[PDB]
Each structure stands twice: as structure tokens, then as C-alpha cells.
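Below is the file protein15.cif, which contains mmCIF, C-alpha atoms.
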data_upload
#
loop_
_atom_site.label_atom_id
_atom_site.label_comp_id
_atom_site.auth_asym_id
_atom_site.auth_seq_id
_atom_site.Cartn_x
_atom_site.Cartn_y
_atom_site.Cartn_z
CA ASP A 6 94.69 100.84 109.92
CA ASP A 7 93.31 104.18 111.07
CA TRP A 8 93.76 107.35 109.02
CA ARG A 9 96.62 108.47 111.25
CA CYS A 10 98.95 105.70 110.04
CA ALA A 11 98.03 106.24 106.37
CA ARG A 12 101.07 106.85 104.18
CA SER A 13 99.49 108.42 101.09
CA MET A 14 96.46 110.14 99.63
CA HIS A 15 96.05 106.95 97.60
CA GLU A 16 94.80 104.96 100.62
CA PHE A 17 91.61 107.08 100.89
CA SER A 18 88.23 107.15 99.15
CA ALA A 19 85.59 109.82 98.64
CA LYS A 20 82.06 110.15 97.25
CA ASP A 21 82.21 112.20 94.06
CA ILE A 22 79.56 114.84 93.46
CA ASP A 23 77.28 112.47 91.46
CA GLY A 24 77.43 109.99 94.35
CA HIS A 25 79.92 107.37 93.13
CA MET A 26 82.69 106.18 95.43
CA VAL A 27 86.15 107.07 94.15
CA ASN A 28 89.21 105.23 95.36
CA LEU A 29 91.82 107.99 95.31
CA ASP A 30 94.54 105.60 94.11
CA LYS A 31 93.00 106.56 90.76
CA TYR A 32 95.35 109.53 91.06
CA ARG A 33 98.52 107.52 91.66
CA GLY A 34 101.08 108.89 89.24
CA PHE A 35 99.42 112.30 88.84
CA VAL A 36 100.05 115.66 90.53
CA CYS A 37 96.96 116.82 92.36
CA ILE A 38 95.59 119.95 93.93
CA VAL A 39 93.18 119.00 96.68
CA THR A 40 91.08 122.00 97.66
CA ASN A 41 87.98 122.69 99.79
CA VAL A 42 85.65 124.95 97.81
CA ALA A 43 82.59 127.10 98.30
CA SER A 44 80.10 128.89 96.09
CA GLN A 45 79.45 132.17 97.97
CA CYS A 46 82.99 133.16 99.07
CA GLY A 47 84.70 136.43 98.18
CA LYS A 48 87.41 134.14 96.79
CA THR A 49 84.98 131.96 94.76
CA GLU A 50 85.56 133.69 91.41
CA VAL A 51 89.35 133.79 91.55
CA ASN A 52 89.75 130.23 92.75
CA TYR A 53 87.34 128.58 90.32
CA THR A 54 88.59 130.47 87.25
CA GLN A 55 92.28 129.90 88.05
CA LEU A 56 91.78 126.26 89.06
CA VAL A 57 90.00 125.70 85.74
CA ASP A 58 92.82 127.48 83.89
CA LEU A 59 95.57 125.48 85.61
CA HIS A 60 93.74 122.28 84.72
CA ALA A 61 93.32 123.40 81.11
CA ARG A 62 97.02 124.07 80.68
CA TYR A 63 98.50 121.38 82.88
CA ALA A 64 96.06 118.44 82.71
CA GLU A 65 98.15 117.23 79.78
CA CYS A 66 101.23 117.30 82.06
CA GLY A 67 99.62 115.30 84.89
CA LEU A 68 97.77 117.95 86.90
CA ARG A 69 94.55 116.70 88.43
CA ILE A 70 92.32 118.73 90.75
CA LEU A 71 90.01 117.37 93.47
CA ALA A 72 87.44 119.88 94.73
CA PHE A 73 85.66 119.18 98.04
CA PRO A 74 82.65 121.40 98.81
CA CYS A 75 82.52 122.34 102.48
CA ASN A 76 79.99 124.51 104.33
CA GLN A 77 81.99 125.12 107.54
CA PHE A 78 83.28 128.59 106.63
CA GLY A 79 80.58 131.18 107.11
CA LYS A 80 77.92 128.84 105.67
CA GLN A 81 79.26 129.62 102.20
CA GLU A 82 78.45 126.18 100.73
CA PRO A 83 74.82 125.72 101.74
CA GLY A 84 73.54 124.18 98.52
CA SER A 85 73.00 120.53 97.67
CA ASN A 86 75.53 118.40 95.83
CA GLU A 87 73.45 118.95 92.69
CA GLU A 88 73.29 122.75 92.93
CA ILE A 89 77.04 122.78 93.59
CA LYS A 90 77.63 120.61 90.51
CA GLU A 91 75.70 123.01 88.26
CA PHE A 92 77.44 126.08 89.73
CA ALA A 93 80.79 124.45 88.93
CA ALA A 94 79.69 123.84 85.32
CA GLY A 95 79.03 127.59 85.10
CA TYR A 96 82.84 127.77 85.40
CA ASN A 97 83.30 125.10 82.71
CA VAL A 98 84.93 122.94 85.40
CA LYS A 99 86.42 119.74 83.96
CA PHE A 100 88.35 118.53 87.02
CA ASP A 101 86.92 116.24 89.68
CA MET A 102 84.13 117.46 91.98
CA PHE A 103 83.27 115.53 95.15
CA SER A 104 80.24 115.55 97.41
CA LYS A 105 80.11 118.11 100.19
CA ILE A 106 82.20 117.13 103.22
CA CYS A 107 83.46 118.71 106.44
CA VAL A 108 87.16 119.55 106.73
CA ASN A 109 87.32 120.51 110.45
CA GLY A 110 86.04 118.85 113.58
CA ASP A 111 85.86 115.23 114.63
CA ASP A 112 83.54 114.50 111.68
CA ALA A 113 86.00 115.80 109.07
CA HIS A 114 86.57 113.45 106.16
CA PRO A 115 89.49 111.08 106.92
CA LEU A 116 91.56 112.36 103.98
CA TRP A 117 91.33 115.91 105.28
CA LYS A 118 92.32 114.79 108.77
CA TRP A 119 95.42 113.09 107.34
CA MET A 120 96.38 116.01 105.09
CA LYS A 121 96.36 118.40 108.06
CA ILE A 122 99.16 116.49 109.82
CA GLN A 123 101.45 116.51 106.66
CA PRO A 124 104.36 116.73 106.19
CA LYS A 125 105.48 114.57 109.11
CA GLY A 126 106.75 116.68 112.00
CA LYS A 127 104.91 119.92 111.16
CA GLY A 128 101.38 119.59 109.80
CA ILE A 129 99.06 122.58 109.42
CA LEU A 130 98.86 125.11 112.26
CA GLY A 131 96.14 124.55 114.85
CA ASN A 132 95.18 121.32 113.02
CA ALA A 133 92.44 123.32 111.29
CA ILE A 134 91.57 124.56 107.85
CA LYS A 135 91.24 128.32 108.26
CA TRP A 136 88.68 129.18 105.54
CA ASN A 137 87.40 128.15 102.13
CA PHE A 138 89.83 127.51 99.27
CA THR A 139 92.77 126.00 101.06
CA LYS A 140 94.84 124.12 98.48
CA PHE A 141 97.08 121.11 99.14
CA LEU A 142 99.56 120.05 96.48
CA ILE A 143 99.97 116.28 96.21
CA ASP A 144 102.87 114.70 94.36
CA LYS A 145 102.50 111.63 92.09
CA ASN A 146 102.92 109.43 95.18
CA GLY A 147 100.01 110.95 97.01
CA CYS A 148 102.22 112.76 99.51
CA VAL A 149 101.45 116.34 100.49
CA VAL A 150 104.40 118.42 99.32
CA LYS A 151 103.02 121.96 99.76
CA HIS A 152 100.00 123.80 101.14
CA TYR A 153 98.54 127.13 99.95
CA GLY A 154 96.13 129.05 102.16
CA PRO A 155 92.85 130.81 101.39
CA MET A 156 94.68 134.06 100.65
CA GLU A 157 96.73 132.57 97.83
CA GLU A 158 95.29 132.69 94.32
CA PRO A 159 95.67 129.27 92.65
CA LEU A 160 97.96 130.66 89.95
CA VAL A 161 100.56 131.11 92.72
CA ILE A 162 100.86 127.31 92.52
CA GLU A 163 101.88 127.35 88.83
CA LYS A 164 105.55 128.10 89.58
CA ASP A 165 105.80 125.05 91.88
CA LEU A 166 104.10 122.39 89.70
CA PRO A 167 107.16 121.55 87.54
CA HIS A 168 109.09 120.26 90.54
CA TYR A 169 106.61 117.40 90.85
CA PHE A 170 105.37 116.66 87.32
#
Could you write out this file's structure as C-alpha cells?
Amino acid sequence: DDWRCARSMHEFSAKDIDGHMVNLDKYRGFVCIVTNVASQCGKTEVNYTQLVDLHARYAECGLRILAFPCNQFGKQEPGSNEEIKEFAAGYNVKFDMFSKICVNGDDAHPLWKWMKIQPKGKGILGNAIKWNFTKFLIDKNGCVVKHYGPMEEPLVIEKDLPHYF
């Protein structure tokens, strides 16, 4: 069953930033923000601080956040998985960091390929992530229900969370 016929985020797996495989069904029944992150982006500060703050206030409601380092946007994630992990702790990050992946191209991680063709019939424009700090919102069934681009500060998502909690 190739990634194209997948029906949920819960059918995918990903290496977390320490190196352990994570079956993403671990997030069944939670509301997730899946984002591709970077450490040297003009939008680094605003995304990391607001992502942390959303998780602080909404973790107790079911919000989980999956952060995927990716170096495909102006080489703004050049560091190792270990440097990236320490950087993220400088933001007091308590959500779930994953190892660096690609989000575009034929070598993109299968989850990010499948997210870019959601919801069925539309999918993201040009089949490509446009820059760092794209944010997908995943409902408690692992479906993509909304997408927020690199321009959108994460706190823009706050108003939409309660529809899915």
C-alpha cells in the first residue's frame, strides 16, 4: 500500500530527533500541528515561540506538535539532528522533534508527500512546500483539515483549534 492510498497520518512513521522510530498512530485521538522547521529563518523566532506557547496552553486539550527539520529552503537547516535538538531546547520546546527530512522532491518523506495532496480533490498548490514553517493541522483522525503557510504566525491557528479538539 503506497503512500498515495494512505487514508490517515496514523499510517506513517518517522525517526524522531534522538533516532527512535515513531509510529504516528501514537497521535490517534489528538489534534496535531505538523510543521517543517528551520533554525536560521527570518520566521524562526516567531514560529518556535508561538508553537511552544500553543503547546503550553493547549497540550492539556489534545494539541500535539510534530516538528520536522528540513534544509531545502535556503539551506536554513544545515545543522545535525543533535545541534537542532539543542537549539529547540533553547526555546524550551516540549513538543515532538523529528530527525531532519526533505519535504519536496522525489525523496521527500512519505508523510509529507501524502499531506501535500490533502484534502482529496485539492491538495497544496504546485505539490510543493513553499518555504520553512508551513503548518498542517491534523484532526484526531489523522486527516489534514487545514494548512497554514510560511507567512502565517502559528497563533493564527489558535482560533481554529476548538473545531477539532
TODO: For the structure provided, state which residues fall under the PyMOL selection byres ((chain A and resi 48) around 10), and present them as a PyMOL selection string.
DONE: chain A and resi 42-47+49-53+137-138+155-158
Task: Selection result of the PyMOL selection byres ((chain A and resi 120-128) around 12) on this file, as a PyMOL selection string - done: chain A and resi 8-15+17+38-41+108-110+113-119+129-135+139-143+147-152
Task: Coordinates-based distance that separates CA of residue 105 (chain A) from CA of residue 144 (chain A) (Å, one decimal) - done: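 Between these atoms lies a distance of 23.7 Å.
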Task: Selection under test: the PyMOL selection byres ((chain A and resi 103) around 10); residues as a PyMOL selection string - done: chain A and resi 19-27+41+71-74+86+89-90+101-102+104-106
Open item on the list: Quick check, in Å to one decimal: how far apart do CA of residue 67 (chain A) and CA of residue 161 (chain A) lie?
Closed with: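 Taking CA of residue 67 (chain A) and CA of residue 161 (chain A), their separation equals 17.7 Å.
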Open item on the list: Would you compute the distance between CA of residue 95 (chain A) and CA of residue 56 (chain A)? Give it in Å to one decimal.
Closed with: 13.4 Å
- [ ] Write out as a PyMOL selection string the residues lying within 12 Å of residue 58 (chain A), counting all atoms listed in the file and excluding same-chain residues fewer than 2 positions away.
- [x] chain A and resi 51-56+60-64+68-70+96-100+158-160+162-163
Open item on the list: Could you check which residues have any atom within 8 Å of (99.1, 109.0, 91.1), counting all atoms listed in the file with coordinates taken straight from the file, and then list them as a ChimeraX atom specification?
Closed with: /A:15,30-36,144-147
Axis-aligned box over every listed atom of region 34-37 of chain A, padded by 4 Å per side: centre and edges in Å to one decimal, as AutoDock Vina command-line options?
--center_x 99.0 --center_y 112.9 --center_z 90.6 --size_x 12.1 --size_y 15.9 --size_z 11.5
Open item on the list: Between A:107, A:16, A:7, A:169, which residue has the minimum interatomic distance to residue 29 (chain A), considering all atoms listed in the file?
Closed with: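 Smallest separation from residue 29 (chain A) among the options: A:16.
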- [ ] Considering all atoms listed in the file, state which residue in the set A:88, A:66, A:78, A:94 is at the smallest distance from residue 167 (chain A).
- [x]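 Selected residue with least distance to residue 167 (chain A): A:66.
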Task: Selected residue of minimal separation from residue 75 (chain A) among A:136, A:92, A:87, A:57, counting only C-alpha atoms - done: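 Under the stated criterion, the closest residue is A:136.
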Would you mind putting back N, CA, C and O atoms on region 8-24 of chain A, then writing it out as a PDB file, in the coordinates of the input?
ATOM      1  N   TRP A   8      93.275 106.315 109.934  1.00  0.00           N
ATOM      2  CA  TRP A   8      93.760 107.350 109.020  1.00  0.00           C
ATOM      3  C   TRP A   8      95.105 107.905 109.443  1.00  0.00           C
ATOM      4  O   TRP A   8      95.869 108.386 108.601  1.00  0.00           O
ATOM      5  N   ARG A   9      95.407 107.850 110.736  1.00  0.00           N
ATOM      6  CA  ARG A   9      96.620 108.470 111.250  1.00  0.00           C
ATOM      7  C   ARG A   9      97.878 107.769 110.748  1.00  0.00           C
ATOM      8  O   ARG A   9      98.914 108.419 110.545  1.00  0.00           O
ATOM      9  N   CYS A  10      97.812 106.459 110.539  1.00  0.00           N
ATOM     10  CA  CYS A  10      98.950 105.700 110.040  1.00  0.00           C
ATOM     11  C   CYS A  10      98.960 105.622 108.512  1.00  0.00           C
ATOM     12  O   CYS A  10      99.858 104.995 107.946  1.00  0.00           O
ATOM     13  N   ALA A  11      98.000 106.243 107.830  1.00  0.00           N
ATOM     14  CA  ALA A  11      98.030 106.240 106.370  1.00  0.00           C
ATOM     15  C   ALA A  11      99.319 106.875 105.883  1.00  0.00           C
ATOM     16  O   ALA A  11      99.883 107.760 106.527  1.00  0.00           O
ATOM     17  N   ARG A  12      99.797 106.403 104.732  1.00  0.00           N
ATOM     18  CA  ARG A  12     101.070 106.850 104.180  1.00  0.00           C
ATOM     19  C   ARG A  12     100.918 107.619 102.877  1.00  0.00           C
ATOM     20  O   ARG A  12     101.929 108.050 102.307  1.00  0.00           O
ATOM     21  N   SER A  13      99.691 107.829 102.402  1.00  0.00           N
ATOM     22  CA  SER A  13      99.490 108.420 101.090  1.00  0.00           C
ATOM     23  C   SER A  13      98.039 108.867 100.947  1.00  0.00           C
ATOM     24  O   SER A  13      97.147 108.370 101.635  1.00  0.00           O
ATOM     25  N   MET A  14      97.819 109.817 100.036  1.00  0.00           N
ATOM     26  CA  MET A  14      96.460 110.140  99.630  1.00  0.00           C
ATOM     27  C   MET A  14      95.790 108.959  98.939  1.00  0.00           C
ATOM     28  O   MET A  14      94.558 108.858  98.936  1.00  0.00           O
ATOM     29  N   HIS A  15      96.585 108.039  98.392  1.00  0.00           N
ATOM     30  CA  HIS A  15      96.050 106.950  97.600  1.00  0.00           C
ATOM     31  C   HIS A  15      95.359 105.880  98.439  1.00  0.00           C
ATOM     32  O   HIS A  15      94.721 104.995  97.860  1.00  0.00           O
ATOM     33  N   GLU A  16      95.461 105.931  99.762  1.00  0.00           N
ATOM     34  CA  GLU A  16      94.800 104.960 100.620  1.00  0.00           C
ATOM     35  C   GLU A  16      93.409 105.393 101.061  1.00  0.00           C
ATOM     36  O   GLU A  16      92.792 104.695 101.879  1.00  0.00           O
ATOM     37  N   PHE A  17      92.888 106.494 100.512  1.00  0.00           N
ATOM     38  CA  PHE A  17      91.610 107.080 100.890  1.00  0.00           C
ATOM     39  C   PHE A  17      90.601 106.991  99.747  1.00  0.00           C
ATOM     40  O   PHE A  17      90.953 106.798  98.577  1.00  0.00           O
ATOM     41  N   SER A  18      89.330 107.155 100.102  1.00  0.00           N
ATOM     42  CA  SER A  18      88.230 107.150  99.150  1.00  0.00           C
ATOM     43  C   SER A  18      87.314 108.322  99.434  1.00  0.00           C
ATOM     44  O   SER A  18      87.318 108.866 100.535  1.00  0.00           O
ATOM     45  N   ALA A  19      86.511 108.708  98.441  1.00  0.00           N
ATOM     46  CA  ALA A  19      85.590 109.820  98.640  1.00  0.00           C
ATOM     47  C   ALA A  19      84.433 109.751  97.642  1.00  0.00           C
ATOM     48  O   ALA A  19      84.625 109.395  96.476  1.00  0.00           O
ATOM     49  N   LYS A  20      83.236 110.088  98.118  1.00  0.00           N
ATOM     50  CA  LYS A  20      82.060 110.150  97.250  1.00  0.00           C
ATOM     51  C   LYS A  20      82.217 111.335  96.306  1.00  0.00           C
ATOM     52  O   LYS A  20      82.350 112.475  96.758  1.00  0.00           O
ATOM     53  N   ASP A  21      82.197 111.082  95.002  1.00  0.00           N
ATOM     54  CA  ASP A  21      82.210 112.200  94.060  1.00  0.00           C
ATOM     55  C   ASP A  21      80.841 112.880  94.062  1.00  0.00           C
ATOM     56  O   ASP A  21      79.902 112.451  94.736  1.00  0.00           O
ATOM     57  N   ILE A  22      80.729 113.983  93.316  1.00  0.00           N
ATOM     58  CA  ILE A  22      79.560 114.840  93.460  1.00  0.00           C
ATOM     59  C   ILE A  22      78.291 114.194  92.906  1.00  0.00           C
ATOM     60  O   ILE A  22      77.192 114.529  93.358  1.00  0.00           O
ATOM     61  N   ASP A  23      78.412 113.264  91.951  1.00  0.00           N
ATOM     62  CA  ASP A  23      77.280 112.470  91.460  1.00  0.00           C
ATOM     63  C   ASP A  23      76.893 111.342  92.400  1.00  0.00           C
ATOM     64  O   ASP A  23      75.830 110.740  92.211  1.00  0.00           O
ATOM     65  N   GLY A  24      77.741 111.009  93.370  1.00  0.00           N
ATOM     66  CA  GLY A  24      77.430 109.990  94.350  1.00  0.00           C
ATOM     67  C   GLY A  24      78.228 108.706  94.236  1.00  0.00           C
ATOM     68  O   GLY A  24      78.012 107.802  95.048  1.00  0.00           O
TER      69      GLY A  24
END
